[PDB]
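Reading through the structure tokens given below for one structure.
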Amino acid sequence: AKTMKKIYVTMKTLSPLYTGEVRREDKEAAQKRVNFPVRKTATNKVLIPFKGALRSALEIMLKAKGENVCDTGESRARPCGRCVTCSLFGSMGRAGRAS
RNA sequence: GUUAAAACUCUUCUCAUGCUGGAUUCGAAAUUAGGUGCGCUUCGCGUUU
Ligand SMILES: [Zn+2]
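Encoded structure:
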């Protein structure tokens with residue numbers, strides 16, 4: 008609308024962290040060095056998915072609260088488009104407000 | 001057996017020139033490389049005063 012909420016999130020690891028590498032060429036290049044490479048950018052910086060953990064977190068607690076929420080984790084699921092997690096993170100036609 | 005018969009309105013000359021299917025609209029919306037696996041096994045801080 009007229010405003011936009013910018014939430015700057017700084018995350019500090021309180022234990023080891025592993026996000027696995029998704030790129031085929033980076034995994035096949037590292038297969039003789041490490042059997043579980045970490046997802047890194049090509050600027051040599053660690054890249055963690057953030058949308059999808061936020062969505063899973065909100066879906067589990069809003070399902071526990073009893074407020075209406077669909078499951079976008081079940082296989083080939085279709086987001087309902089009416090729940091609040093479909094508003095923030097997206098549905099098939101309305102898209103996520105929370106970029 | 002027609003004031004007859006006989007004599008091809010013929011030859012030559014490009015519908016050509018000038019004008020852009022252009023304008024408007026994002027392949028992107030939905031999907032966490034996740035799940036499983038204990039740096040463990042072996043070696044007395046001896047000896048020497
Ligand atoms: Zn929904």
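First residue of the first sequence? That's 8 in this note's numbering, and the numbers climb one at a time after it. We put the beta carbon where it would ideally sit given N, CA and C, even for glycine.
Sub-8 Å separation of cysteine 87 and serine 94 beta-carbons
Taking the first sequence and counting its residues from 1, the one referred to as residue 87 is at position 80. Taking the first sequence and counting its residues from 1, the one referred to as residue 94 is at position 87. Annotated as distal: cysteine 87 and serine 94, with beta-carbon spacing of 8 Å or more.
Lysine 47, DSSP secondary structure in three states:
Walking along the first sequence from the start, residue 47 turns up at place 40. The answer is strand: DSSP assigns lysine 47 an E or B state.
By Cβ distance, which residues of its chain are closer than 6 Å to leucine 69, with the 5 residues on each side in sequence left out?
Taking the first sequence and counting its residues from 1, one reaches residue 69 at position 62. Non-local beta-carbon contacts of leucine 69 in its own chain, meaning distances under 6 Å to residues more than five positions away in sequence, involve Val76 in chain order.
Does the stretch 15 to 27 come within contact of the stretch 51 to 58, defined as at least 3 CB pairs closer than 8 Å?
Taking a cut-off of 8 Å on C-beta distances, the stretch 15 to 27 touches the stretch 51 to 58, as three or more cross pairs fall below it.
State the beta-bridge partners of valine 41 as determined by DSSP.
Position 34 of the first sequence, counted from the first residue, corresponds to residue 41. None; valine 41 has no bridge partner.
Please report how far the alpha carbon of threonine 17 lies from the alpha carbon of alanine 60, in whole angstroms.
For this step, residue 17 is matched to residue 10 along the first sequence. For this step, residue 60 is matched to residue 53 along the first sequence. Between the C-alpha atoms of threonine 17 and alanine 60 there is a straight-line separation of about 15 Å.
Within 10 angstroms of the Cβ of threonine 48, are there 16 or more other Cβ atoms? Answer buried if so, exposed if not.
Taking the first sequence and counting its residues from 1, the one referred to as residue 48 is at position 41. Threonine 48 comes out exposed.
Under the three-state DSSP convention, the category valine 53 falls into
Position 46 of the first sequence, counting from 1, holds the residue named residue 53. Strand.
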